[PDB]
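Only heavy atoms go into these numbers, but all of them, side chains included; no hydrogens, no water, no symmetry mates. Reminder, nothing fancy here: chain letters follow the sequence lines and each chain counts from 1.
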Amino acid sequence: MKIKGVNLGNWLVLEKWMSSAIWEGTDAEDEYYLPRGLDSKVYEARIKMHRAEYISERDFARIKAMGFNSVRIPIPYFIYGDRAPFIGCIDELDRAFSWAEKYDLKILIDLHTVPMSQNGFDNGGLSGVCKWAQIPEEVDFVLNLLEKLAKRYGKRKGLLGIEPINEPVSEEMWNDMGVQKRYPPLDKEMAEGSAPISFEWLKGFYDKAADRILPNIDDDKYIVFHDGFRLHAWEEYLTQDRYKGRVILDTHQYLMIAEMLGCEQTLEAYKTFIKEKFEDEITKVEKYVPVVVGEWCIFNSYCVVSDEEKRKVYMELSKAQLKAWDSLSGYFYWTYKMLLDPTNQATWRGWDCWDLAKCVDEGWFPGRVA
Amino acid sequence: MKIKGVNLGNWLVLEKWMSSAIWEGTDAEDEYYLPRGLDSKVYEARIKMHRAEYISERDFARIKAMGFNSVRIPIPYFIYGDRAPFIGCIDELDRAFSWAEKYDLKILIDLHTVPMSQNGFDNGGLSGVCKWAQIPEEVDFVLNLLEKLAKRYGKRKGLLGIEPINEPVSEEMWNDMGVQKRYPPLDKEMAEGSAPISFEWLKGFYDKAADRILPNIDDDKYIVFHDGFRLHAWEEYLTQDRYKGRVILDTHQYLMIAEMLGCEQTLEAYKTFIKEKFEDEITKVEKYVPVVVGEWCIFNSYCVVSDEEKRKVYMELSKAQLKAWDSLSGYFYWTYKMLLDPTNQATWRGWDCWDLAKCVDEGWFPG
């Protein structure tokens, strides 16, 4: 297994900072309140134009042409069209499969947002609220959703696997990042009583999730489990007999961590950090379970310095993490595509390196990975 | 600078066949009738989403990275926002210029549409009507718009030139193509009296356009004249002393033309047509005036056959036409990007080669 992939972020699951247009004329900071700021047929007009244009068949041609073999698609919990006022998108996921299959790529369905949130991040669609795991109606809703998805796509040539939930927040991650001030909740009584997800609760959910997914995918498809911000906690759970051959662990590893643990801002300092804290640490896990780094990027504060030297540094950092990732089972860049305007929004300069495809064109990332 | 360019078709000037989503729920065929089939707030919502997503900074980066140095940008006559119900896009063109200047690209502003239309084509925005040249005040509205546009951009580093009008239809083309059944008019009263644009009238209009453009743009910029589908008619007009060094002639040369004229549909028949009718005749115009082939592509019915053959045929047709344009002053592929789904809408199989970025990723056009 050498999974080489990109994420299709901001496509079916919005993240505000990556495109401004759909948000204009509203005060909404996340997916949940966007329809609450717009006439319903304005909201449907923007949503349908966005999904139509942001990802289309030409982008799967590009991804294959750059050397990747997989894509990871964050999808929302409302994807079947059954949770108003949000708009379903099963058709977009159907066609993405048809495009993956044409270009001999495979798709990891990543269930990225759940009713009432599993992290409280704006990424999760509802800022400052984190109550999905406390509501057994919505946990069961998600379990039915993964079952319908497994039965829909489980035999498709283009299915790599299914990730039952992205980034379920842990007790340490919840208190350390002060989630509910970073992402302020708009409805303060909706927010109160949010709680993080304990490891033992997550393991039970994964049990139930495997009950719905594994019976319904074919024997060569995978279930992909996020590490719940507990990279090293999964050896006992993932080496059970029912999982042998059938599971990948997903860990999200962001280079920007290095400067907040005080890496000197040199190339060689950064690549010692990549070798020692990324490669040397994550391969311990790969000893007993396949690990894909399903979110990483090349963002870094040194590059935020001439244009040429920032090109040199990005390229080295890209190549440095790609060599780290070759001793694992694979990676998915975050992300394929953004609609950032660093030319005219000066504060976003240094942030367009989250757009994988633009990196390739700027000479920040190798043109081919295979 | 030898012009190596792509068009930004379907961005500010819509062309139905290139993008599906903005037309959903309507039977409109062109830019004019789109706002009449939607509710006001839905129309604005779709146009601004389309304009925000279809072209952005990342596209200019990719265009530079593929080796091009210029873009041709079709703009609508309503760009300044003064023509209800249409919505202005001076902001977008402004951002196009900040992006062109960042990535060292030049912009040719190409005025693609005019009030009541200069061809009656669907790409002109009003299907089957062609009366612009017959309405003096809309001829003056286009002149005033070209004057404004040359003052706003004439000294910018990113400006290549300004094209006063795209494709004013000839008598030959108006007859030969059968324009008003190809693009039948919706309002036959509106269409009554449509007529093509004669060569004499077009040269008077060019005189007027050149007087609003040439005094407001720097000496390293150009006014770019579409040939009115008359490649060989321009020697006397364009070799006047006032135009020496300030003019490009734009000719549009499509390979599918060859089939209509009775070309065999083989690679070596395509290649000889390219040598004889493109390279050999256009270079005679290059001898007395700078020429750009402002629109061309590799579409052909042969490819419409193995995947490996099709790739070799396309790539050969890219290289054969590129080689033709090398003895010219440059070209602009039509077009840079489309949103076709040939996988599921099989009517478009053989038609995604109009997407230039997509050709490159399929190995249909050199990296």
Side-chain angles (χ1 to χ4, degrees), chain B residues 7 9 13 15 72 74 108 110-114 116-134 139 142 161 163-183 194-207 209-210 223-239 247-263 273-274 276-286 288-297 299 321 324-325 328-335:
Chain B
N7 285 266
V13 182
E15 304 191 18
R72 173 175 190 257
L108 166 57
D110 158 72
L111 183 57
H112 220 65
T113 69
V114 295
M116 302 294 290
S117 170
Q118 76 284 45
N119 35 52
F121 312 156
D122 62 359
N123 77 50
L126 182 55
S127 318
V129 177
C130 189
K131 306 175 64 190
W132 168 75
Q134 309 177 40
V139 181
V142 170
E163 186 156 28
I165 189 174
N166 175 72
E167 294 176 0
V169 64
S170 45
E171 298 82 352
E172 307 97 294
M173 277 285 274
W174 181 257
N175 302 316
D176 286 351
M177 184 181 359
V179 160
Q180 281 166 315
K181 275 81 79 212
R182 199 172 292 268
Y183 314 103
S194 320
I197 306 186
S198 67
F199 176 61
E200 289 296 309
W201 188 101
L202 190 62
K203 286 189 297 149
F205 173 64
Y206 289 1
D207 285 341
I223 181 171
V224 178
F225 286 133
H226 191 262
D227 69 359
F229 300 97
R230 302 166 183 95
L231 175 64
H232 288 283
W234 295 102
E235 184 160 10
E236 172 137 46
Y237 182 76
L238 289 186
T239 69
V247 292
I248 309 193
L249 179 74
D250 176 20
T251 186
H252 293 179
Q253 294 298 336
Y254 284 152
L255 193 45
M256 61 187 300
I257 296 168
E259 296 157 357
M260 282 176 140
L261 300 169
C263 207
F273 186 99
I274 287 145
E276 312 258 71
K277 205 146 235 178
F278 285 167
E279 174 174 344
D280 283 349
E281 311 251 341
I282 304 169
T283 56
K284 312 157 111 143
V285 188
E286 180 75 14
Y288 57 84
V289 63
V291 182
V292 282
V293 191
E295 294 183 1
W296 68 279
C297 73
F299 175 79
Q321 282 181 104
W325 318 147
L328 307 183
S329 320
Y331 58 82
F332 289 98
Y333 197 94
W334 186 274
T335 180

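Side-chain contact check for B:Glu200 and B:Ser198: no donor-acceptor pair (N or O, by modelled atom type) lies under 3.5 Å. In summary, the side chains of B:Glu286 and B:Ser329 do present a donor paired with an acceptor at a separation below 3.5 Å, with no hydrogens or angles considered.
Between B:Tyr237 and B:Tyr206 the shortest side-chain heavy-atom distance falls below 4.5 Å. B:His226 has its side chain out of reach of B:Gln118: every pair of non-hydrogen atoms, C-beta onward, lies at least 4.5 Å apart. No side-chain heavy atom of B:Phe229 sits less than 4.5 Å from a side-chain heavy atom of B:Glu172. Put simply, the side chain of B:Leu126 reaches to within 4.5 Å of the side chain of B:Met116, judged on heavy atoms. Between B:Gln253 and B:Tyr331 there is no side-chain heavy-atom pair separated by less than 4.5 Å. In this structure, the side chains of B:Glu295 and B:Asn166 come closer than 4.5 Å at one or more pairs of heavy atoms. At least one side-chain heavy atom of B:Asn123 sits under 4.5 Å from a side-chain heavy atom of B:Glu167. Residues B:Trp234 and B:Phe225 have side chains not in contact (no heavy-atom distance under 4.5 Å, counting atoms from C-beta outward).
Smallest separation of non-hydrogen atoms from B:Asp250 and B:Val293: OD1-C, 4.0 Å. Contact record, B:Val224 with B:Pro164: O-CD, 3.0 Å, taken as the closest heavy-atom pair.
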> Given B:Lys277 and B:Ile257, is the side-chain contact (heavy atoms from CB on, under 4.5 Å) satisfied, shown in steps?
Replying inline: CA-CA 11 Å; B:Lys277 205 146 235 178; B:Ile257 296 168; over 6 Å; no
>> The test is side-chain contact (heavy atoms from CB on, under 4.5 Å); show your working for B:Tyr288 and B:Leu238 and say whether it passes.
In response: CA-CA 8 Å; B:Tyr288 57 84; B:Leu238 289 186; 5.9 Å; no
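Using cut-offs of 30° and 60° for the angle between ring planes, the B:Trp132 and B:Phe205 rings count as perpendicular. Classification of the B:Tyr183-B:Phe121 ring pair by plane angle, with boundaries at 30° and 60°, yields tilted.
B:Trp296 and B:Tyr333 have their aromatic ring centers within a separation under 6.0 angstrom.
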